[PDB]
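Included below are structure tokens for two forms of one protein chain, each presented in isolation as structure 1 and structure 2.
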Structure 1
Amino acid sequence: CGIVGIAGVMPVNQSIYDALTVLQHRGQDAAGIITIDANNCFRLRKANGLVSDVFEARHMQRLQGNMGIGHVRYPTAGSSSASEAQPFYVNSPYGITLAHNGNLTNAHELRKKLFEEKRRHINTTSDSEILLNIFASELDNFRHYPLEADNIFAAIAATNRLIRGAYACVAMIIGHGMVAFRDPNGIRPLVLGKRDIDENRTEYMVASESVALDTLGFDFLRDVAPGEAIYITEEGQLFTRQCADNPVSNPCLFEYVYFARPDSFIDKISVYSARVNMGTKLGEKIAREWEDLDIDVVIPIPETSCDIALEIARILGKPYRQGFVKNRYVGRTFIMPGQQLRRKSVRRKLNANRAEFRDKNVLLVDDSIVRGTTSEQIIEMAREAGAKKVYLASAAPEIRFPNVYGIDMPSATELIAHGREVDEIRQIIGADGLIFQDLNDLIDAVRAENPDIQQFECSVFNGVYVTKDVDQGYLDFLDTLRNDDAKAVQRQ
């Protein structure tokens, strides 16, 4: 998911729209934008589909005000295509709205706490609504008006003690301002920016990625620190505070692997550069370990893999050819009574340039291998195209565990790498040869861009969750959400 928040001195709707357009790659399932108009009332518009689908002229009209936050969703367990999208909001205390990217590992607990102690009803399965409510109830502990920045930081701190997992949020509070905070572990991305209009009138902005600041002409100030809370008042003043106890930087290694746009700088690290380095490391490993076999060309599997494979091709000193072209326009498949000769699912996504495979032992490069069904077919497609030997190289290490901090992944039992050795996986997908990026390699490659970061969040590879609170009782609860999501979507 991706979030944006702009506190400006002029109408923020188009900016929030444009900003979401460049964050669109973080979730195309749904989109929402909410602003505070001249009368101190929220103006909301959220629905499923791309940003362009969701917002029309009549919708932009009503999205009045000089401050608003936006969100683009990625379907997950607890928030399917059918569920209510973000941002959510409550009218008390004062009127709060919030959008978030990340996942609360103690969500269930919190829903219970909220009901028993605060009698606060959570109407959806979105942990975003829970988070908004915990935050809301904490602000309810201040009897006087208006609130002082500390109050808000107190609330935020309290919230950090109560919730667990990964999160990067932005929210607004009527009559006061806009706030944004990152989890104590700095797992989920969040950056701050500004844009001076004139003498003493700066507009501030926060977003999941730097590309949102760029596209709007905002000056990149810095990343929001782990456990830190930012608060911009309605008068344009920026305040900050450390709201966590033991803040640590354990950036999500996946953001760098393929989820984030390569022109983004996350925690002083360039996604593009990081990826190139991944090609260097993998290319070196391949030269070392696959010394004897004869590959004739390196072929990336769109999209992420392009620059990485190029680097590997360079290291291997072999030609790089664009063998697969991605079908940028994917249509809907209509269920019609007797779909005679259907189109191959894989071909729905990619197309193979026959000329690049004929009688060539090819080496395909992909950012990651999750299910393997896909992988198996891509390999199959290559053999169909005329490739003698088809070898696969993954830029990411074996994905063995599901992500519970913000990235939608299938259950541990669906991940083909879970409980399998490289050679088995190779046989299941039919690759003549398979090879993965070693985890420490991947780390060095990213860490090279910023040695200050000493540990990354990489549980999907090692099964080590920085928050420690992930268990099967919890993993199974996520599956209950997913099931209700599937019956809801199936119902539709």
Structure 2
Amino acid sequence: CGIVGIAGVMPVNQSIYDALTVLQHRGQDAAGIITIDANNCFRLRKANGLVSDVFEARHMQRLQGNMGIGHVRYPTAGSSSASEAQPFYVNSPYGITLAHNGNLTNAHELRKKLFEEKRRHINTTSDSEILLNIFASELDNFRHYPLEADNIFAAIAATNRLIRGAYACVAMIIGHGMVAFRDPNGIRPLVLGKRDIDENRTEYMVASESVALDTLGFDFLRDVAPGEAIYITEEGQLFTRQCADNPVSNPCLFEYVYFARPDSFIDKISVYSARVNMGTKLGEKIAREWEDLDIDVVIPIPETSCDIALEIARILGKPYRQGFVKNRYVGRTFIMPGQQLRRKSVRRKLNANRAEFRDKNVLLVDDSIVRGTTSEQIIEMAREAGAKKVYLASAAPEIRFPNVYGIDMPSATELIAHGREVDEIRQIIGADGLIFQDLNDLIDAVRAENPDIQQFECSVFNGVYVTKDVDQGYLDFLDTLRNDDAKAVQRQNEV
């Protein structure tokens, strides 16, 4: 998911829309924008789809005001396509709205405590609504008016003690202003920027990725620190404050491998350069362990892996060629009455340039292997194009555990690397050879760009969950969320 907040001095509706279009890669399922207008009321538009489809001229006319937040949704367990999008808001106390990228690992417990202790109903299965209601609960403890910055930071601190998981959040409180804050492990990304208007007026903004600030001409200030909160008043004063105990920086490694845009800087690390370093490390691993293999050409599975595969080819002294082309535009496969049922095909996303495979031993490079269904189909496409041997190298280590921090993944049983060794994975997918980045090399490739990061969030790779509350029990509460998601999606199709 992606989030943005703009505390401006002139209308923000178009700017938030623009920032969301450059964060659109963080989630295409739904989008929402909410502003505070001159009457101190929330104006909202959200709906399924891409940003450019969700917001029409009439909705922009509605989204009046100089402060607002936006969200793009990647479907995750509990927040399925069939469900209500973000942002959510509550009318009490004061009027609060929140958007968030991440996942709460104690959602279930929090729901119960909200009900039993506060009689606060949660109407969806989105942990974002839970998070909003905890925050609102802590804000409701104050009697005096207005709230002071210390009251707001105290409720954020309280929230951080109650909730666990990973989160970057932006929120607004009517009559007060905009807050943003980050989980105490710095897992999910969040940056702060500013745009000077004149001697007395500065605008501020926060976003998941720095490209959102770039595209609007905001000056990058810094990453929001692990556990830190920001509060920008309606009058434009900036406050900051640490609101977690023992904050530490454990950035998500998947942002660098695949999820974020290459022109972003996350926790001082250029995503582009991290990815080039991944290619260096994997190229060096291939040169040492596959010295005996006959490789004619190195071919990326676009788009993420193009620069990774270029660096591998360079280390190996081998030609780089664009043997695959990704269709910029993908369409739906309709269900006509009867007729051909053809579906679940990878040619809808990729086309092979036949001349780049014919009678060649090809080294394919992908960013990751998840279910392995897609890589099996890619290998077959390469053989149909005339490849002799097909080798596959993964920029990411083996993906063996589910991500419960906001990156959507199948359960452990649908991960091909779960319970299996490289050579077994190789035989299932039909490759003549298969090699994965080593985790310590992936870690080193990213630390190279900021050696101050001592540990990353690696759970999908090694099963170490830094929030220490993930057990097989909890993994089964998540399957009963994915079960209900798929029924809600399913009952929309019947329509």
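Here, a residue number simply tells you its place in the sequence of structure 1, counted from 1. Residues that one form lacks are left out of the comparison. Between two forms, the rigid core is defined as the largest C-alpha subset superposing within 1.5 Å.
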After a rigid core superposition between the two structures, the exception among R343, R288, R143, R332, its Cα shifting by 2 Å or more, is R343
After lining up the core, report the Cα displacement of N483 between the two structures in Å, one decimal place.
1.0
In sequence order, what stretches of at least three consecutive residues shift by 2 Å or more at the Cα level between the two structures, with the rigid core held as reference?
337-344
